[PDB]
Amino acid sequence: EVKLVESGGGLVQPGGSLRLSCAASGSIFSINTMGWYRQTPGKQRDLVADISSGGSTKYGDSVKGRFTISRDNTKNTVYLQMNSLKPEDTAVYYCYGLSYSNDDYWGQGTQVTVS
Amino acid sequence: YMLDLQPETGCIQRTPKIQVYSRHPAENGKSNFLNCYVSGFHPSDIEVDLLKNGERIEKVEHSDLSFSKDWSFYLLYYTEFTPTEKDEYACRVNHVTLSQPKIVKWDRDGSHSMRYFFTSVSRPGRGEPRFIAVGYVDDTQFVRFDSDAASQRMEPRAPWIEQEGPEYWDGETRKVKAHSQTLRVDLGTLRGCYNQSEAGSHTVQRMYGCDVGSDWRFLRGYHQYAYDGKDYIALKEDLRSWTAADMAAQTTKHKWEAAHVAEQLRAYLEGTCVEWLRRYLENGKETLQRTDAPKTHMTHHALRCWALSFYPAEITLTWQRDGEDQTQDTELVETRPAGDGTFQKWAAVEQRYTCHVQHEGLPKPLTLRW
């Protein structure tokens, strides 16, 4: 039902920045919390940042201070401003969203590589 | 009352089972507690969120890290909430065994023992190992210590232990601090014996305690170690010899035999452990010596036998088709804490079937039928 359209990834130099974007399709009353997880070297994916429709944010410890998530809540689109990127930030960043019934939706992900 | 001896050592991942439930039966407008009970997982690092309408609940508390006999960890995450008609709740759990966070939705519609559990997890670069110690009398936690907490003291978690004076708390704080310092050394020691990198995170677990009968007399004692959720060395039931799991533990076994560690442990388990367990049972008799019979009922699916608000946690729920124990095609959920000292359980398998309840608080076992 819900489709998440991701963009803004790619290659960047150490210290550089990227701006990820994630837009949710369907009704505006279909998605609440939106954010990003990123693929760890192993099996797990770790929380990067997410934001509720009311603007309540939460950041993973390894990106606090450098990453900033924001929301244009007219379109259910969230933006992840990734500053001061390091080689250890290289991963596939998966957008995700939560319905108001706590159903999770996941995007295909965008590769981020820091030289 | 902890052991005043911390002998140094010489010399498999499990995914969490998740349960989301309320403390009491849900009633709109009635204040309640939403629980998320994770258990059976290893290692201990886990991320648990409580969700309300697709959004994280802010003020969420959790119990102190403990583990079971098989070394797997369990935690209770909880928060106070007033459920209404529209609101929907769930629990999201992230763990190294999961390719993505798992979400579980909330469906709105005798003998005694003293145990001490110790967990230390290394955090290379991030600082000193995270050390967590908890003490139990039966299924009631009464003391804790957390190396990351502010007090750096052994803290009370039961009303009946607050009686004890400063000499008690100073002694327990002294002993538990030496516990952590020994496990910190054991972590660095075991890393080299197993030829492991300095960057990885590893876990050491220590458990000991004593059982007494209904006469409050010694029955059995325990003192076992684990490394990365795997058995390392354990004291045998005779409290005189050791069981070593692999070649690294054989060296620790010989060092502990030469130092006569088992003699000092046997004195604690047969004497000191029993003595203070009896004091705790007396001082907390209103809490530790109560029996609460399970409130039982049944539901039919379009057959699930329920048991709520019982203590202690020891209970048995069995299904019988025409009197024969139907073990196959039977879903038995793990006993779970309600968060107020009581416990819950249910089993699932029409007139030919019966549910049997066995509990110490019941005069006679109960039989339930559709």
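Scope of the values below: all heavy atoms of this structure, side chains included, with no hydrogens, waters or symmetry mates. Each chain gets a letter, A, B and so on, in the order the sequences are listed, and its residues count up from 1.
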Nearest heavy-atom contact between B/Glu88 and A/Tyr100 is OE1-O, 3.7 Å

To the nearest 0.5 Å, atom OG of A/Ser56 lies from atom CD1 of B/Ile57 at 12.0 Å

So, A/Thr33 side chain and B/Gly54 main chain: donor-acceptor pair closer than 3.5 Å or not?
-> yes

Looking at B/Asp45, I want to see if its CG is surrounded by more than 12 non-hydrogen atoms of other residues, nucleotides or ligands under 6.0 Å. no

d(A/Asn102 CG, B/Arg92 CZ) to nearest 0.5 Å is 9.5 Å

Separation between CG (A/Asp104) and NZ (B/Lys102), nearest 0.5 Å, reads 11.5 Å

Separation between OH (A/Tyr96) and CD (B/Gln100), nearest 0.5 Å, reads 12.0 Å

Cut-off 4.5 Å, heavy atoms of chain B, and the answer for A/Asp50 is side chain

Any side-chain heavy-atom pair of A/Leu98 and B/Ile103 under 4.5 Å:
yes

If one checks every heavy atom of A/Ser101 against chain B at 4.5 Å, the contacting part turns out to be both

> Got A/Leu47 and B/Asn94 here, is their nearest side-chain heavy-atom distance under 4.5 Å?
Replying inline: no

To the nearest 0.5 Å, atom CG of B/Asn53 lies from atom OG of A/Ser52 at 11.5 Å

Rounded to the nearest 0.5 angstrom, the CD1-CD distance for A/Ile51 and B/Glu55 is 10.0 Å

*asked:* Any heavy-atom pair between the side chains of B/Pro101 and A/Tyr37 that's under 4.5 Å?
replied: yes

